[PDB]
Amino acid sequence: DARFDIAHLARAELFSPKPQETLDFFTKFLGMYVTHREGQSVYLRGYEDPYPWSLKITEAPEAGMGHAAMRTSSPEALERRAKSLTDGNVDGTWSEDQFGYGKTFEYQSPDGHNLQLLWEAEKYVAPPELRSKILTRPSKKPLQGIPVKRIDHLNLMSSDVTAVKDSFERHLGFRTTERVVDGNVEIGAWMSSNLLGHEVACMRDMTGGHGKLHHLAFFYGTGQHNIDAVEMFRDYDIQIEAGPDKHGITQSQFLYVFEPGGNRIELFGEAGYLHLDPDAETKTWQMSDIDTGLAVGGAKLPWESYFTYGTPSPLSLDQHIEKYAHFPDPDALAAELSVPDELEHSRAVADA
């Protein structure tokens, strides 16, 4: 019974070709605290992240995810999960080289995403002047930007959603709370080891790419903060993809923006739907279900980015939107033909 072996998503690393601008996004707009700098990397936490960092920004020639690490529910759970992966012929490596954390198992998803498992995590203790009167809160909410509380979840792009889902289910004990299917093909899976709808999702890469990041998400817990965040991004020249609105899938209040390095960042409002029922069936969204899945309100997710752009991208975001909006390309048409039309021409999709 692996169900309870993974506790939560501890941290993630973003690659940025504009590391200072990425850093300024996370500090000046999202009010994250800087806890460490070393080499070409800067380490940040939200004010309610429990460990010394949840986000690592690393200078790189391209955008994308350096890794994501999940924290286990015990040291024994870490041994059981690492052994399951090894016995499943997954190549792993043991490391202990990150500030604030100990012994870490590194491996790749079936599509090449860098994933990590750990137990050993230091509990962040604030300097006295940053301690909160709220005792569950390890540091005061900053006075900068619209500050995020913590990391929320990860959305991976895969050439094969089922292979990534089966890895999380079989080796990590995750359940799939919700998925989107087109005939017999899984094009999205939302997975969790706890009450959350998901901490890890996987969506089909319609461009044939491998091992990409769709988005990293941070948590506000309040829908208004997405309204405040989008008004900030609009007036301070950050590109907005879609939202604020509410996904039918997970019932999460969402806002998607592009940080200056080109990674897609999601801001999450109200937690939404907690999976208290311990043996709920997977909810499967068909193409007849699909419209509400994307957005309860009037929001339209752009075809030319949402369904096709992740990081690293062989094209700039501008070049990507150009190509997939046809500003035809055989690649763009291949993507269009692989996607079912109820999804492609949904009232919750706009095609530039």
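Numbering starts at 1 and runs along the sequence shown.
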{"property": "Residues of the deposited sequence that sit between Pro328 and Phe327 yet are not modelled", "result": "4 to 9"}
{"property": "Residue stretch of maximal mean CA temperature factor, 110 to 118 vs 213 to 221", "result": "110 to 118"}
{"property": "Mean temperature factor over C-alpha atoms, higher-scoring stretch between 343 to 351 and 1 to 9", "result": "343 to 351"}
{"property": "Criterion, highest CA B-factor; candidates, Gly31, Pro52, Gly297, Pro302", "result": "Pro302"}
{"property": "Identity of residue with top Cα B-factor, from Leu317, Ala69, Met65, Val42", "result": "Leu317"}
{"property": "Where the record places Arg204 (Cα B-factor, split into thirds across the chain)", "result": "highest"}
{"property": "CA B-factor placement of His36, once the chain's modelled residues are sorted into thirds", "result": "middle"}
{"property": "Third of the chain's Cα B-factor distribution that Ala271 belongs to, per the entry", "result": "middle"}
{"property": "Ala163 - which third its CA temperature factor falls in, relative to the rest of the chain", "result": "highest"}
{"property": "Chain-wide C-alpha B factor ranking for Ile187, given as lowest, middle or highest third", "result": "highest"}
